[PDB]
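Shown next as structure tokens: one chain only, the form deposited in one PDB entry.
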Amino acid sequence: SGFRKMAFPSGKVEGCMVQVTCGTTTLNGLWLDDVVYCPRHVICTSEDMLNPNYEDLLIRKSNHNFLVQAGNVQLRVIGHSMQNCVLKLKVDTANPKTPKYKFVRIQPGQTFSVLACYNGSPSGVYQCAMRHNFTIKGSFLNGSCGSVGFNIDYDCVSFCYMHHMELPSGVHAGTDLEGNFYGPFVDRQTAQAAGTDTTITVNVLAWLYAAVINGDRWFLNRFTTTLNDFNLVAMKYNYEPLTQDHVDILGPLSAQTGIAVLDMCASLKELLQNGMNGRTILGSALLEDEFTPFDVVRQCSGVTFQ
């Protein structure tokens, strides 16, 4: 028992992180097979970032201008290509430590693990969620660009995120591994507002299920509700409207706990209206929304990876 924000074991991704330098700029790349993936803004100076023309900046770069270092090993770049907001560097050596992998573009609400890296070296691992406004709330300092987010399934690593920017508000923006940003963000040092950060309702419900499984039952109430009545409340508190797909995803947890989804929604309603009255749920004094239904089933049934 107990319930923790828990990352995937990072070892498969550690073995893929390299350092990429171009002129004076150093950041992280991901070395899968014989291709190194990195933020295209590796070709930029501090000044370029104010208003980069990436196509023009890229012209003044050749293969040899990209230094790729895996630990101390220097990799040889024999080809480069810009794909959306990421550079692909062809190298002469396949990564021996390449795992089974896929590139996925995730939907808002889905969670993943970040391996925060500096100079091609891993420093730490934490969980986060793709927010409904296409930001993440990470921990990223200068040099962290190219750090990646992922999920693991048995032996397959699904990369879903590459870190590119911090917005002036201090939240984080980046791309999938095809180089398309999540949301409206651009790789330019200009003003960019996020948008309303709505709570991921289906995640909060999952976490309520988790609490119940773990003996934290005080918030269960006598009431039920309707999808429409609940959603009236959700919309007042900037909660994502709950859909019948959401109800479906919560079915297994409903089944294990014997608590119908809508009963759980009525508990949520009363929490939103009355607050927590200074109590906690699973050691938090606010409603947590960065656990997916899958995250809870995982942690509650001890799923394992190779």
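Residue indices: 1-based, along the sequence shown.
One more form of this protein should be noted, the form solved in complex with a small molecule, which is absent from this view; the next part is about it.
Of the listed positions (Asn231, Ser113, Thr225, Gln189), a single one reaches within 4.5 angstroms of the small molecule by any non-hydrogen atom in the bound PDB entry, namely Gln189. Heavy atoms of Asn142 reach within 4.5 Å of the small molecule in the bound PDB entry, making it an interface residue. Heavy atoms of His172 reach within 4.5 Å of the small molecule in the bound PDB entry, making it an interface residue. Contact annotation for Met49: at least one heavy atom lies within 4.5 Å of the small molecule in the bound PDB entry. Not displayed here, the small molecule is kept clear of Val86 by more than 4.5 Å at the level of heavy atoms in the bound PDB entry. Residues of just one listed stretch (207-215, 231-239, 144-152, 69-77) have heavy atoms within 4.5 Å of the small molecule in the bound PDB entry: 144-152.
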